[PDB]
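A.B. asks: Contents of protein09.pdb (PDB, N, CA and C atoms) are below:
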```
ATOM      1  N   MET A   1     -21.086   3.796   1.487
ATOM      2  CA  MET A   1     -21.071   2.364   1.048
ATOM      3  C   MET A   1     -22.118   2.097  -0.068
ATOM      4  N   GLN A   2     -22.540   3.173  -0.769
ATOM      5  CA  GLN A   2     -23.533   3.105  -1.877
ATOM      6  C   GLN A   2     -22.900   3.589  -3.216
ATOM      7  N   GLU A   3     -21.556   3.616  -3.263
ATOM      8  CA  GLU A   3     -20.778   4.281  -4.341
ATOM      9  C   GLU A   3     -19.452   3.520  -4.636
ATOM     10  N   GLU A   4     -19.497   2.172  -4.492
ATOM     11  CA  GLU A   4     -18.375   1.237  -4.822
ATOM     12  C   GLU A   4     -17.179   1.320  -3.806
ATOM     13  N   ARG A   5     -17.343   2.087  -2.701
ATOM     14  CA  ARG A   5     -16.270   2.276  -1.678
ATOM     15  C   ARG A   5     -15.812   0.938  -1.050
ATOM     16  N   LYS A   6     -16.779   0.046  -0.707
ATOM     17  CA  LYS A   6     -16.462  -1.304  -0.174
ATOM     18  C   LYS A   6     -15.684  -2.161  -1.183
ATOM     19  N   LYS A   7     -16.052  -2.112  -2.475
ATOM     20  CA  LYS A   7     -15.347  -2.876  -3.537
ATOM     21  C   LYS A   7     -13.892  -2.376  -3.724
ATOM     22  N   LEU A   8     -13.712  -1.052  -3.610
ATOM     23  CA  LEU A   8     -12.394  -0.395  -3.717
ATOM     24  C   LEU A   8     -11.445  -0.853  -2.572
ATOM     25  N   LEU A   9     -11.961  -0.816  -1.324
ATOM     26  CA  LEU A   9     -11.202  -1.235  -0.119
ATOM     27  C   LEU A   9     -11.088  -2.779  -0.013
ATOM     28  N   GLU A  10     -12.052  -3.513  -0.607
ATOM     29  CA  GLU A  10     -12.051  -5.002  -0.625
ATOM     30  C   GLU A  10     -10.860  -5.506  -1.468
ATOM     31  N   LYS A  11     -10.711  -4.881  -2.653
ATOM     32  CA  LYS A  11      -9.580  -5.107  -3.564
ATOM     33  C   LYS A  11      -8.254  -4.628  -2.924
ATOM     34  N   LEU A  12      -8.312  -3.511  -2.165
ATOM     35  CA  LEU A  12      -7.132  -2.917  -1.487
ATOM     36  C   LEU A  12      -6.578  -3.875  -0.393
ATOM     37  N   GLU A  13      -7.465  -4.377   0.485
ATOM     38  CA  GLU A  13      -7.114  -5.396   1.517
ATOM     39  C   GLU A  13      -6.646  -6.727   0.871
ATOM     40  N   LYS A  14      -7.188  -7.036  -0.329
ATOM     41  CA  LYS A  14      -6.770  -8.206  -1.147
ATOM     42  C   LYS A  14      -5.295  -8.017  -1.625
ATOM     43  N   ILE A  15      -4.909  -6.763  -1.960
ATOM     44  CA  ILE A  15      -3.505  -6.437  -2.314
ATOM     45  C   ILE A  15      -2.599  -6.615  -1.079
ATOM     46  N   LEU A  16      -2.990  -5.995   0.054
ATOM     47  CA  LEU A  16      -2.266  -6.094   1.361
ATOM     48  C   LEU A  16      -2.097  -7.570   1.823
ATOM     49  N   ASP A  17      -3.090  -8.410   1.485
ATOM     50  CA  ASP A  17      -3.052  -9.877   1.697
ATOM     51  C   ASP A  17      -1.904 -10.525   0.872
ATOM     52  N   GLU A  18      -1.745 -10.058  -0.375
ATOM     53  CA  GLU A  18      -0.675 -10.523  -1.288
ATOM     54  C   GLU A  18       0.699  -9.864  -0.995
ATOM     55  N   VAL A  19       0.716  -8.682  -0.341
ATOM     56  CA  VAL A  19       1.983  -7.988   0.010
ATOM     57  C   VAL A  19       2.648  -8.647   1.242
ATOM     58  N   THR A  20       1.830  -9.041   2.239
ATOM     59  CA  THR A  20       2.311  -9.771   3.445
ATOM     60  C   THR A  20       2.793 -11.196   3.085
ATOM     61  N   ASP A  21       1.960 -11.933   2.332
ATOM     62  CA  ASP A  21       2.251 -13.326   1.929
ATOM     63  C   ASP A  21       3.352 -13.385   0.834
ATOM     64  N   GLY A  22       3.237 -12.505  -0.181
ATOM     65  CA  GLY A  22       4.214 -12.419  -1.293
ATOM     66  C   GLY A  22       5.372 -11.436  -1.040
ATOM     67  N   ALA A  23       5.611 -11.107   0.239
ATOM     68  CA  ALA A  23       6.752 -10.282   0.686
ATOM     69  C   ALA A  23       8.135 -10.945   0.425
ATOM     70  N   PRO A  24       9.219 -10.126   0.222
ATOM     71  CA  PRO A  24      10.622 -10.622   0.222
ATOM     72  C   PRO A  24      11.120 -11.064   1.637
ATOM     73  N   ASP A  25      10.606 -12.232   2.100
ATOM     74  CA  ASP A  25      11.012 -12.917   3.359
ATOM     75  C   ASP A  25      10.975 -12.004   4.631
ATOM     76  N   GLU A  26      12.087 -11.284   4.900
ATOM     77  CA  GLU A  26      12.262 -10.471   6.132
ATOM     78  C   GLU A  26      11.389  -9.188   6.123
ATOM     79  N   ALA A  27      11.064  -8.697   4.909
ATOM     80  CA  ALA A  27      10.248  -7.478   4.716
ATOM     81  C   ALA A  27       8.780  -7.660   5.188
ATOM     82  N   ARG A  28       8.339  -8.931   5.337
ATOM     83  CA  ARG A  28       6.948  -9.283   5.711
ATOM     84  C   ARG A  28       6.471  -8.624   7.035
ATOM     85  N   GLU A  29       7.247  -8.772   8.127
ATOM     86  CA  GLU A  29       6.851  -8.264   9.478
ATOM     87  C   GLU A  29       6.726  -6.711   9.512
ATOM     88  N   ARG A  30       7.549  -6.041   8.685
ATOM     89  CA  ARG A  30       7.461  -4.581   8.411
ATOM     90  C   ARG A  30       6.090  -4.212   7.777
ATOM     91  N   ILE A  31       5.665  -5.039   6.815
ATOM     92  CA  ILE A  31       4.388  -4.876   6.083
ATOM     93  C   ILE A  31       3.160  -5.165   6.990
ATOM     94  N   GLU A  32       3.245  -6.245   7.800
ATOM     95  CA  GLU A  32       2.104  -6.776   8.596
ATOM     96  C   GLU A  32       1.552  -5.758   9.619
ATOM     97  N   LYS A  33       2.441  -4.945  10.226
ATOM     98  CA  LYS A  33       2.019  -3.859  11.143
ATOM     99  C   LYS A  33       1.169  -2.803  10.407
ATOM    100  N   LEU A  34       1.727  -2.236   9.317
ATOM    101  CA  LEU A  34       1.092  -1.116   8.577
ATOM    102  C   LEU A  34      -0.226  -1.561   7.893
ATOM    103  N   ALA A  35      -0.228  -2.789   7.341
ATOM    104  CA  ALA A  35      -1.416  -3.409   6.698
ATOM    105  C   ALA A  35      -2.564  -3.643   7.718
ATOM    106  N   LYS A  36      -2.185  -4.060   8.945
ATOM    107  CA  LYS A  36      -3.118  -4.197  10.090
ATOM    108  C   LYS A  36      -3.703  -2.815  10.487
ATOM    109  N   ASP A  37      -2.828  -1.783  10.532
ATOM    110  CA  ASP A  37      -3.221  -0.396  10.880
ATOM    111  C   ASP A  37      -4.210   0.198   9.848
ATOM    112  N   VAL A  38      -3.996  -0.112   8.541
ATOM    113  CA  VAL A  38      -4.903   0.327   7.443
ATOM    114  C   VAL A  38      -6.349  -0.158   7.711
ATOM    115  N   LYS A  39      -6.480  -1.441   8.127
ATOM    116  CA  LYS A  39      -7.785  -2.069   8.479
ATOM    117  C   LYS A  39      -8.569  -1.251   9.535
ATOM    118  N   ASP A  40      -7.866  -0.780  10.583
ATOM    119  CA  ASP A  40      -8.460   0.113  11.601
ATOM    120  C   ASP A  40      -8.910   1.438  10.958
ATOM    121  N   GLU A  41      -7.964   2.079  10.260
ATOM    122  CA  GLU A  41      -8.134   3.410   9.642
ATOM    123  C   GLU A  41      -9.276   3.473   8.603
ATOM    124  N   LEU A  42      -9.667   2.302   8.033
ATOM    125  CA  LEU A  42     -10.844   2.189   7.123
ATOM    126  C   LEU A  42     -12.126   2.847   7.716
ATOM    127  N   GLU A  43     -12.245   2.879   9.062
ATOM    128  CA  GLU A  43     -13.372   3.554   9.767
ATOM    129  C   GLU A  43     -12.864   4.470  10.921
ATOM    130  N   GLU A  44     -11.818   4.012  11.640
ATOM    131  CA  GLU A  44     -11.194   4.744  12.782
ATOM    132  C   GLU A  44     -10.592   6.108  12.344
ATOM    133  N   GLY A  45      -9.456   6.074  11.624
ATOM    134  CA  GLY A  45      -8.763   7.296  11.189
ATOM    135  C   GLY A  45      -8.833   7.534   9.678
ATOM    136  N   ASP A  46      -7.689   7.904   9.071
ATOM    137  CA  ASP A  46      -7.608   8.328   7.650
ATOM    138  C   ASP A  46      -7.175   7.172   6.707
ATOM    139  N   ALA A  47      -8.166   6.410   6.208
ATOM    140  CA  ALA A  47      -7.949   5.262   5.290
ATOM    141  C   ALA A  47      -7.274   5.665   3.960
ATOM    142  N   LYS A  48      -7.808   6.723   3.315
ATOM    143  CA  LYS A  48      -7.286   7.252   2.028
ATOM    144  C   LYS A  48      -5.786   7.616   2.141
ATOM    145  N   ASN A  49      -5.416   8.264   3.262
ATOM    146  CA  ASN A  49      -4.017   8.630   3.547
ATOM    147  C   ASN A  49      -3.142   7.372   3.757
ATOM    148  N   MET A  50      -3.712   6.336   4.399
ATOM    149  CA  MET A  50      -3.028   5.033   4.638
ATOM    150  C   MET A  50      -2.790   4.230   3.341
ATOM    151  N   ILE A  51      -3.656   4.422   2.332
ATOM    152  CA  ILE A  51      -3.448   3.853   0.978
ATOM    153  C   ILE A  51      -2.191   4.489   0.332
ATOM    154  N   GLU A  52      -2.054   5.823   0.486
ATOM    155  CA  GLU A  52      -0.833   6.568   0.084
ATOM    156  C   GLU A  52       0.405   6.085   0.882
ATOM    157  N   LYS A  53       0.243   5.959   2.217
ATOM    158  CA  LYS A  53       1.344   5.579   3.146
ATOM    159  C   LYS A  53       1.929   4.210   2.775
ATOM    160  N   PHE A  54       1.024   3.252   2.555
ATOM    161  CA  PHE A  54       1.370   1.860   2.254
ATOM    162  C   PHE A  54       1.941   1.713   0.815
ATOM    163  N   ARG A  55       1.403   2.506  -0.129
ATOM    164  CA  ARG A  55       1.863   2.544  -1.546
ATOM    165  C   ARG A  55       3.331   3.037  -1.649
ATOM    166  N   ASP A  56       3.627   4.145  -0.954
ATOM    167  CA  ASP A  56       4.979   4.753  -0.916
ATOM    168  C   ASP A  56       5.968   3.937  -0.025
ATOM    169  N   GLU A  57       5.429   3.260   1.013
ATOM    170  CA  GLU A  57       6.206   2.325   1.873
ATOM    171  C   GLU A  57       6.642   1.077   1.073
ATOM    172  N   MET A  58       5.699   0.529   0.279
ATOM    173  CA  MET A  58       5.961  -0.625  -0.603
ATOM    174  C   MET A  58       7.129  -0.369  -1.572
ATOM    175  N   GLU A  59       7.188   0.835  -2.187
ATOM    176  CA  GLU A  59       8.263   1.161  -3.157
ATOM    177  C   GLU A  59       9.647   1.292  -2.473
ATOM    178  N   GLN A  60       9.665   1.716  -1.193
ATOM    179  CA  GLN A  60      10.903   1.724  -0.372
ATOM    180  C   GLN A  60      11.482   0.283  -0.243
ATOM    181  N   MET A  61      10.608  -0.665   0.148
ATOM    182  CA  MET A  61      10.969  -2.095   0.331
ATOM    183  C   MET A  61      11.152  -2.843  -1.022
ATOM    184  N   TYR A  62      10.511  -2.321  -2.086
ATOM    185  CA  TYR A  62      10.599  -2.864  -3.469
ATOM    186  C   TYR A  62      11.971  -2.528  -4.101
ATOM    187  N   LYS A  63      12.380  -1.258  -3.967
ATOM    188  CA  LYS A  63      13.730  -0.797  -4.374
ATOM    189  C   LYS A  63      14.836  -1.546  -3.586
ATOM    190  N   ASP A  64      14.543  -1.853  -2.309
ATOM    191  CA  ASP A  64      15.481  -2.554  -1.411
ATOM    192  C   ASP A  64      15.577  -4.068  -1.739
ATOM    193  N   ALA A  65      14.439  -4.677  -2.120
ATOM    194  CA  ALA A  65      14.355  -6.119  -2.459
ATOM    195  C   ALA A  65      13.123  -6.405  -3.375
ATOM    196  N   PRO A  66      13.308  -6.471  -4.734
ATOM    197  CA  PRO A  66      12.231  -6.847  -5.683
ATOM    198  C   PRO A  66      12.242  -8.362  -6.069
ATOM    199  N   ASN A  67      11.197  -9.119  -5.666
ATOM    200  CA  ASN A  67      11.063 -10.550  -6.055
ATOM    201  C   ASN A  67      10.455 -10.703  -7.486
ATOM    202  N   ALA A  68       9.195 -10.262  -7.671
ATOM    203  CA  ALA A  68       8.454 -10.321  -8.960
ATOM    204  C   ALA A  68       7.049  -9.719  -8.777
ATOM    205  N   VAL A  69       6.295 -10.283  -7.813
ATOM    206  CA  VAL A  69       4.949  -9.793  -7.451
ATOM    207  C   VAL A  69       5.003  -8.408  -6.763
ATOM    208  N   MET A  70       6.109  -8.124  -6.037
ATOM    209  CA  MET A  70       6.329  -6.841  -5.302
ATOM    210  C   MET A  70       6.094  -5.606  -6.225
ATOM    211  N   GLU A  71       6.628  -5.705  -7.455
ATOM    212  CA  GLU A  71       6.464  -4.695  -8.534
ATOM    213  C   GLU A  71       4.989  -4.545  -8.953
ATOM    214  N   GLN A  72       4.359  -5.690  -9.240
ATOM    215  CA  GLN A  72       2.958  -5.758  -9.701
ATOM    216  C   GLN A  72       1.987  -5.169  -8.648
ATOM    217  N   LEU A  73       2.319  -5.379  -7.361
ATOM    218  CA  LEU A  73       1.553  -4.856  -6.209
ATOM    219  C   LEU A  73       1.645  -3.309  -6.106
ATOM    220  N   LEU A  74       2.813  -2.724  -6.486
ATOM    221  CA  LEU A  74       2.966  -1.244  -6.623
ATOM    222  C   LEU A  74       1.939  -0.680  -7.638
ATOM    223  N   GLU A  75       1.823  -1.365  -8.790
ATOM    224  CA  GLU A  75       0.877  -0.995  -9.867
ATOM    225  C   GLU A  75      -0.600  -1.164  -9.412
ATOM    226  N   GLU A  76      -0.867  -2.217  -8.612
ATOM    227  CA  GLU A  76      -2.225  -2.533  -8.099
ATOM    228  C   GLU A  76      -2.771  -1.441  -7.150
ATOM    229  N   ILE A  77      -1.995  -1.106  -6.092
ATOM    230  CA  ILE A  77      -2.372  -0.040  -5.118
ATOM    231  C   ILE A  77      -2.530   1.325  -5.839
ATOM    232  N   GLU A  78      -1.734   1.518  -6.910
ATOM    233  CA  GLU A  78      -1.733   2.746  -7.737
ATOM    234  C   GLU A  78      -3.100   2.962  -8.444
ATOM    235  N   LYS A  79      -3.619   1.881  -9.067
ATOM    236  CA  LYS A  79      -4.957   1.862  -9.724
ATOM    237  C   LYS A  79      -6.078   2.245  -8.729
ATOM    238  N   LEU A  80      -5.956   1.696  -7.516
ATOM    239  CA  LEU A  80      -6.922   1.893  -6.422
ATOM    240  C   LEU A  80      -6.782   3.292  -5.777
ATOM    241  N   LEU A  81      -5.547   3.835  -5.788
ATOM    242  CA  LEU A  81      -5.226   5.171  -5.225
ATOM    243  C   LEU A  81      -5.838   6.306  -6.081
ATOM    244  N   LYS A  82      -5.899   6.082  -7.407
ATOM    245  CA  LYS A  82      -6.558   7.010  -8.355
ATOM    246  C   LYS A  82      -8.065   7.165  -8.042
ATOM    247  N   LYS A  83      -8.737   6.025  -7.815
ATOM    248  CA  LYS A  83     -10.174   5.986  -7.440
ATOM    249  C   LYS A  83     -10.396   6.475  -5.979
ATOM    250  N   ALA A  84      -9.389   6.228  -5.108
ATOM    251  CA  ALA A  84      -9.388   6.689  -3.690
ATOM    252  C   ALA A  84      -9.083   8.201  -3.575
ATOM    253  N   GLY A  85      -8.513   8.785  -4.647
ATOM    254  CA  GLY A  85      -8.253  10.227  -4.728
ATOM    255  C   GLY A  85      -9.512  11.036  -5.065
ATOM    256  N   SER A  86     -10.513  10.968  -4.162
ATOM    257  CA  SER A  86     -11.814  11.657  -4.310
ATOM    258  C   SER A  86     -11.637  13.191  -4.219
ATOM    259  N   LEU A  87     -11.561  13.839  -5.410
ATOM    260  CA  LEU A  87     -11.237  15.283  -5.585
ATOM    261  C   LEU A  87      -9.777  15.624  -5.177
ATOM    262  N   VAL A  88      -8.948  14.588  -4.920
ATOM    263  CA  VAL A  88      -7.546  14.753  -4.454
ATOM    264  C   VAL A  88      -6.534  14.314  -5.555
ATOM    265  N   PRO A  89      -5.907  15.276  -6.306
ATOM    266  CA  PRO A  89      -4.828  14.956  -7.269
ATOM    267  C   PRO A  89      -3.445  14.788  -6.570
ATOM    268  N   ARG A  90      -3.136  13.547  -6.133
ATOM    269  CA  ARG A  90      -1.885  13.232  -5.380
ATOM    270  C   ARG A  90      -1.346  11.817  -5.714
ATOM    271  N   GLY A  91      -0.009  11.733  -5.868
ATOM    272  CA  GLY A  91       0.688  10.477  -6.169
ATOM    273  C   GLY A  91       2.021  10.714  -6.883
ATOM    274  N   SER A  92       2.805  11.679  -6.371
ATOM    275  CA  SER A  92       4.103  12.086  -6.972
ATOM    276  C   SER A  92       5.258  11.112  -6.619
ATOM    277  N   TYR A  93       5.003  10.204  -5.644
ATOM    278  CA  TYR A  93       6.012   9.291  -5.035
ATOM    279  C   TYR A  93       7.037  10.064  -4.163
ATOM    280  N   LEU A  94       7.105   9.706  -2.862
ATOM    281  CA  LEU A  94       8.141  10.213  -1.947
ATOM    282  C   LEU A  94       9.508   9.612  -2.353
ATOM    283  N   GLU A  95      10.386  10.468  -2.907
ATOM    284  CA  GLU A  95      11.658  10.059  -3.544
ATOM    285  C   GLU A  95      12.626   9.322  -2.565
ATOM    286  N   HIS A  96      12.721   7.986  -2.732
ATOM    287  CA  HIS A  96      13.636   7.114  -1.949
ATOM    288  C   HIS A  96      14.555   6.308  -2.896
ATOM    289  N   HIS A  97      15.603   5.691  -2.326
ATOM    290  CA  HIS A  97      16.501   4.751  -3.045
ATOM    291  C   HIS A  97      16.682   3.484  -2.173
ATOM    292  N   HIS A  98      17.417   3.641  -1.050
ATOM    293  CA  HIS A  98      17.612   2.584  -0.016
ATOM    294  C   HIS A  98      17.695   3.209   1.402
ATOM    295  N   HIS A  99      18.195   4.469   1.459
ATOM    296  CA  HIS A  99      18.456   5.271   2.697
ATOM    297  C   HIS A  99      19.429   4.573   3.703
ATOM    298  N   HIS A 100      20.087   3.468   3.251
ATOM    299  CA  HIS A 100      20.860   2.516   4.096
ATOM    300  C   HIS A 100      19.919   1.680   5.021
ATOM    301  N   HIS A 101      20.336   0.441   5.357
ATOM    302  CA  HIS A 101      19.588  -0.441   6.288
ATOM    303  C   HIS A 101      19.711   0.070   7.759
TER     304      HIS A 101
END
```
Do you think you could lay out the structure here as structure tokens?
C.D. replies:
Amino acid sequence: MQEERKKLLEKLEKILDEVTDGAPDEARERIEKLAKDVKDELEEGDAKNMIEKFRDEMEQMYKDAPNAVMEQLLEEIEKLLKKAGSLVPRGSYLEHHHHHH
């Protein structure tokens, strides 16, 4: 917490705040579970991995239903994932389309 880590996760939880509220209606309750789990993982389990999980989960629901902010939020978590990639070169995107409902 002496190397901008709190500011990185503060902005990250600020994105998750806008993903739940600025969700495509029905997609919100899907987001609220995983976003709540990220908060635990910030100290409990693997926070950095949950930033990847939520980033790739967002693009699944974005391809399924894009409002306007949903797209911008993909770009936001991406900026934060680069800084969260501490010696870790990862972010190829897990290839999805819709997979059917």
A.B. asks: If I wrap all listed atoms of segment 28-40 of chain A in a box with edges along x, y and z and add 4 Å on each side, what are its centre and edge lengths in Å to one decimal, as AutoDock Vina command-line options?
C.D. replies:
```
--center_x -0.3 --center_y -3.9 --center_z 8.5 --size_x 25.2 --size_y 18.7 --size_z 14.3
```
A.B. asks: Which one is closest to residue 12 of chain A: A:88, A:31, A:94, A:77? Count all atoms listed in the file.
C.D. replies: A:77
A.B. asks: Measuring between all atoms listed in the file, which one of A:61, A:47, A:74, A:69 shows the shortest distance to residue 27 of chain A?
C.D. replies: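 Of A:61, A:47, A:74, A:69, the one nearest residue 27 of chain A, counting all atoms listed in the file, is A:61.
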A.B. asks: To one decimal in Å, tell me the separation between atom CA of residue 56 of chain A and atom C of residue 92 of chain A.
C.D. replies: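 So the two atoms, atom CA of residue 56 of chain A and atom C of residue 92 of chain A, lie 8.5 Å apart.
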A.B. asks: Based on the backbone DSSP call, show me all residues of chain A assigned alpha helix (DSSP H), as a PyMOL selection string.
C.D. replies: chain A and resi 5-21+28-41+47-64+69-84
A.B. asks: Which is closest to residue 63 of chain A among A:14, A:4, A:30, A:95, if we use only C-alpha atoms?
C.D. replies: A:95
A.B. asks: For residue 35 of chain A, find every residue with an atom within 8 Å (counting all atoms listed in the file), except residues of its own chain fewer than 4 positions away, and show them as a PyMOL selection string.
C.D. replies: chain A and resi 13+16-17+20+30-31+39-40+54
A.B. asks: If you measure from atom C of residue 65 of chain A to atom CA of residue 24 of chain A, what distance in Å do you get, rounded to one decimal?
C.D. replies: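 These atoms are spaced 6.1 Å apart.
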A.B. asks: Calculated over all atoms listed in the file, which of the candidates A:58, A:50, A:68, A:8 has the smallest distance to residue 80 of chain A?
C.D. replies: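 Selected residue with least distance to residue 80 of chain A: A:8.
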A.B. asks: What is the distance between atom CA of residue 19 of chain A and atom CA of residue 70 of chain A, in Å to one decimal?
C.D. replies: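 Rounded to one decimal, the two atoms are 7.0 Å apart.
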